[PDB]
Amino acid sequence: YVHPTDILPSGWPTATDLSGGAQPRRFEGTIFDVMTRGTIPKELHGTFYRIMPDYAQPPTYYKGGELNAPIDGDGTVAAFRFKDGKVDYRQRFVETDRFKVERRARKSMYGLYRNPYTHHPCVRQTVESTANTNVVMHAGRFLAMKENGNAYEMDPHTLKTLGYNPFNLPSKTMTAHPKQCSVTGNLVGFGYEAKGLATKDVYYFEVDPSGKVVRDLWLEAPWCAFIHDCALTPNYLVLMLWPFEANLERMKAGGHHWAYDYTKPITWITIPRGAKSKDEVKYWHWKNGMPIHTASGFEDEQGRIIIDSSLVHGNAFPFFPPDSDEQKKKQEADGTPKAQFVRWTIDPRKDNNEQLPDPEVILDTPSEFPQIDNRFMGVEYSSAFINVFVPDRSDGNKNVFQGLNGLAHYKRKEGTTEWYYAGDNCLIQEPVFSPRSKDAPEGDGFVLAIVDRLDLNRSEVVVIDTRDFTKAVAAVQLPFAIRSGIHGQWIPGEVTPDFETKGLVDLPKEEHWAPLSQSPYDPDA
Ligand SMILES: COc1cc(C=O)ccc1O
Ligand SMILES: [Fe+2]
């Protein structure tokens with residue numbers, strides 16, 4: 001009933017990812033010609049890169065790792081490269097300064113999320129990023145990102161780490177949610193806590209297609225807020241502030257970086273693109289809640305900023321609770337918050353001191369990890385591909401990151417939603433979209449996502465044709481499970497350096513090792 005070796009002690013603390021799963025994976029390597037079921041679309045020409053937290057060492061430095069968060073673990077990138085119907089896989093850890101210290105020491109040397117006062121003395125003045133949140137290919141460079149530092153660059157074929165801060169941003173941080181403008185090609189983004197721990201400074205930038213900062217601006221947030229995501233429109237970058245606040249004194253006392261604050265309203269910072277002065281920036285507010293990710297934004301015909309996001313009516317990261325006893329009690333009392341997918345209207349003609357209108361409910365179901373058709377980034381878009389709790393086939397009492405068992409294809413223009421169910425005893429992660437061809441209509445093509453086959457100890461990539469969103473056309477079947485991850489991206493072959501000549505796996509040499517004379521076969525025999 002109980003295996004004798006299973007009661008042998010482990011030295012690992014519980015190291016969850018956002019799904020709640022706690023199994024360390026940590027493998028680095030490849031599979032050539034990954035097993036597939038069904039037919040891989042020949043139209044897929046590119047790489048699905050996904051990034052996951054997977055603590056490389058047992059994170060036992062601070063309080064035995066008891067307070068490690070699911071967003072903390074060392075970033076590892078899995079790449080699934082599709083070319084002529086074949087799929088290869090490669091996975092590798094980002095060689096962050098943190099990872100390198102810990103691997104070389106064979107020992108955890110970092111404490112609480114974003115709290116250097118809980119790191120090992122010898123590493124306090126390192127970049128503490130685990131580069132584990134998102135990836136982007138911009139100006140021919142492949143980047144792994146986490147918002148508490150600049151990006152690390154990796155080779156897109158070998159996933160070897162190449163360097164830190166490739167665009168030489170002057171801020172200490174860069175968002176893991178920069179947006180690649182479909183008009184200018186600019187990577188548009190920001191970094192908050194731009195001058196160090198608990199600073200209110202925010203740095204806005206646009207890095208052009210050549211890898212140079214062409215526009216930037218220093219500004220501040222109204223408080224030191226957790227600014228995870230943003231929305232790009234033709235004329236604005238819009239920052240989205242979560243109701244957490246940082247407190248240096250709390251950190252110095254060995255407490256968490258962030259504490260949720262029920263008294264903070266959701267706040268937006270509009271930054272006119274190419275603004276010459278921080279006087280052009282405006283703060284907008286609604287009410288308390290946690291809008292985790294934007295799908296995208298645009299400006300309507302009358303110049304209003306329209307942004308769709310998830311909206312959790314409470315704290316989706318309960319592991320960063322409020323400071324006060326009163327607010328802590330409220331978090332416990334609230335239980336699992338209501339979660340939806342909503343649409344915000346920020347009309348720049350209006351007085352920003354006036355509270356924003358209530359957002360419109362788009363999907364009345366827990367919704368997270370939305371993506372769009374990237375051909376429409378920073379302009380009007382219609383398609384969103386959304387990770388969802390499937391209506392009437394999902395728990396509801398699970399934390400928003402822990403019960404995502406379907407995908408939705410929402411089309412604003414048609415006002416339709418189509419649904420993909422991951423399967424019984426399955427979870428599914430964030431979707432990515434590949435257009436059927438360069439000039440396919442918006443949202444016409446293939447959606448890919450990682451499925452956890454929970455009873456099988458394996459992970460799979462499903463491929464869905466948008467012409468029938470309810471059905472997978474193919475599954476890429478790994479021989480094992482990988483961590484449940486955060487973001488991933490469909491990166492077209494056309495924007496990947498040497499995609500035509502380099503695979504994820506280098507071919508062995510042509511020349512035989514052995515001489516002809518060693519063959520068992522003789523054509524004369
Ligand atoms: C995986 O790292 C993070 C993830 C998030 C939300 O998904 C916010 C901050 C992080 O550092
Ligand atoms: Fe994110």
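Remember, it's 1-based here, ligands and their atoms both numbered in the order they're listed. Computed from heavy atoms alone, side chains included, the values below leave out hydrogens, waters and symmetry copies. One is the number of the first residue; the rest follow in order along the sequence.
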**Student:** For atom 1 (C) of ligand 1, which protein heavy atom lies nearest, and how many Å away is it?
**Tutor:** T133 OG1, 3.1 Å
**Student:** Could you tell me whether the side chains of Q91 and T76 share a donor-acceptor contact shorter than 3.5 Å?
**Tutor:** yes
**Student:** With the Fe ion (ligand 2) at the apex, how many degrees lie between NE2 of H487 and NE2 of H228, rounded to 10 degrees?
**Tutor:** 170°
**Student:** Under a 3.5 Å cutoff, is there a donor and acceptor pairing between the side chains of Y62 and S108?
**Tutor:** no
**Student:** Which bit of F401 gets closer than 4.0 Å to ligand 1, counting heavy atoms only: side chain, backbone, both or neither?
**Tutor:** neither
**Student:** For ligand 1, is there an atom lying under 4.0 Å from some heavy atom of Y113?
**Tutor:** yes
**Student:** The Fe ion (ligand 2) is nearest to which N, O or S atom of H177?
**Tutor:** NE2
**Student:** Quick check on contacts: which atoms of ligand 1 are under 4.0 angstrom from a heavy atom of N132?
**Tutor:** 1 (C), 2 (O)
**Student:** Salt bridge check, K195 against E193: does any charged N sit closer than 4.0 Å to a carboxylate O?
**Tutor:** no
**Student:** I'd like to check which ligand 1 atoms, numbered from 1 as shown, lie under 4.0 Å from a non-hydrogen atom of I486.
**Tutor:** 1 (C)
**Student:** Does ligand 1 come near enough to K146 that some N or O of the ligand is less than 3.5 Å from an N or O of the residue?
**Tutor:** yes
**Student:** Counting the benzene-type ring for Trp, do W242 and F317 have ring centres under 6.0 Å apart?
**Tutor:** yes
**Student:** Thinking salt bridges, do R103 and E28 make one under a 4.0 Å N-O criterion?
**Tutor:** yes
**Student:** Would you call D308-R343 a salt bridge at under 4.0 Å N-O?
**Tutor:** yes
**Student:** Considering only protein heavy atoms, which is closest to atom 7 (O) of ligand 1, and at what distance to one decimal place?
**Tutor:** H228 NE2, 3.8 Å
**Student:** Taking the basic N atoms (NZ, or NE/NH1/NH2) and the acidic carboxylate oxygens, is any pair closer than 4.0 Å for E442 and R375?
**Tutor:** no
**Student:** For ligand 1, which atoms, with element, lie under 4.0 Å from some heavy atom of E147?
**Tutor:** 8 (C), 9 (C), 10 (C)
**Student:** Ignoring hydrogens and geometry beyond distance, is a side-chain donor-acceptor pair present between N374 and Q180 at under 3.5 Å?
**Tutor:** no
**Student:** As an exercise, identify every atom of ligand 1 less than 4.0 angstrom from a heavy atom of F226.
**Tutor:** 8 (C), 9 (C)
**Student:** Could you tell me whether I71 approaches ligand 1 through its side chain, its backbone, both or neither, with non-hydrogen atoms closer than 4.0 Å?
**Tutor:** both
